[PDB]
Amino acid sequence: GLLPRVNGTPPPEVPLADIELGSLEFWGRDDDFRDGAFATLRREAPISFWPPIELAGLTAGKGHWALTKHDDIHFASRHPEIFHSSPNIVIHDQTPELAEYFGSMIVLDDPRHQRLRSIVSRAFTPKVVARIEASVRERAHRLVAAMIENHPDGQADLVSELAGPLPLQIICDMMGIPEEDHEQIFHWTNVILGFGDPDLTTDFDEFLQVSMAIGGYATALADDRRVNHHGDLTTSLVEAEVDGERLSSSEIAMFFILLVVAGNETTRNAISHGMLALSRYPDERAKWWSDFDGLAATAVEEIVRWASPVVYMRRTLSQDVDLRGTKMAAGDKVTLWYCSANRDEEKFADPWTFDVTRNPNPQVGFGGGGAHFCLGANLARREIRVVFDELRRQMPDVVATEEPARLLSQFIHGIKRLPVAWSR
């Protein structure tokens, strides 16, 4: 069952000597240990250097400076000329020749970044956006209704039945991907997302083959829309133009590959962590369920602060930096620990309280601001609002019944399984 926890309980005090950000065992510990570790770093070692996680037998790469304070993360995000996103935003890129293939605009600095982001942004036309909005509601409604039809027992895993499929179905709908191709897209996406996680033991050759197959699918989808225009994002991406520059089909494919990761597992984990928090703190569910539209904006923003689905993003210094008196050298890696910034005692009153009315809420779960600020933030907020709306309408007493099975990850605050139950 759910471990009892009172809303507002701080994490345990974790001694500095017990914190090993380069240790896989550390990332396997519960959230209360992790949160207490970052609280210790914020108080005692707010900028500190760490080795990467080393998987024995594979190259590890160089270490990184951990920024744990909201102010430092915000500063780094606002200075992309010093804190570069190229070559990649993870601590150690396992496939650096494919950094742009999987990363699209997220691994680019200006001027390349602004050009690609500007063209992609222009493709989100009013008609495309209106279809996306209808899709969010339709998909969330259908998935919750199917959970009821498929489980007369009133019990299901929220991840497989709802939080997992919703964000990827929305991405498929916006790309104009036929219903008949969903199973293939889901399979390829799952293999890609599953590679950095052990269990099932994900084979690199299979990972490379599926990565090329989904890329080839997307290039062919884009080429089809060059000939046959439709009212989807794929067609608007082929037609968009900034300063005479348009996107090639392989640029569109790389942006699609970014989406099925960045727009997908993040939202999934915001949903699962939101359902978990609403189950642990039933007063907050009651408040939201009593004034759903009125509290939606603050409730969703609190779910994102609480979940921080993206644990960190990595930058690389283009020049020496001295901040908080800590000297970091050009070429060093720097990590922005949003999970920590979203608990910074200097910015949030009562940071350990999950409060669906929280205002202000300067949360940085979509990043600290600036050039790379999540392109889909308002879409993510809509997905979260709409899915909880559909749960409230169709199964208002739905509740998590067990502690989640946690993903072992430094980068994603992941829930692999979340049992829930509901009545009429």
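Each form is matched to the other, and the largest set of C-alpha atoms that superpose within 1.5 Å is called the rigid core. Start at 1 with the first residue shown and count on from there.
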{"property": "Rigid core superposition result in 4 other deposited structures of this protein, more deviant of 284-292, 229-237 by Cα", "result": "229-237"}
{"property": "Divergent stretch in 4 other deposited structures of this protein, 327-335 or 172-180 [C-alpha RMS, superposed by the core]", "result": "172-180"}
{"property": "Of 269-277 and 108-116, the one with larger mean CA B-factor", "result": "108-116"}
{"property": "Higher-scoring stretch by recorded Cα B factor average, 194-202 or 340-348", "result": "194-202"}
{"property": "Criterion, highest CA B-factor; candidates, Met147, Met254, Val238, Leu323", "result": "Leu323"}
{"property": "Out of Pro362, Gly365, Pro52, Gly376, residue topping the C-alpha B-factor column of the entry", "result": "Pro52"}
{"property": "For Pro404, the third of its chain into which the C-alpha B factor falls", "result": "middle"}
{"property": "B-factor third for the C-alpha atom of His74 within its chain", "result": "middle"}
{"property": "Lowest, middle or highest third - CA B-factor, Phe124", "result": "middle"}
{"property": "B-factor third for the C-alpha atom of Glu180 within its chain", "result": "highest"}
{"property": "B-factor third for the C-alpha atom of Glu138 within its chain", "result": "middle"}
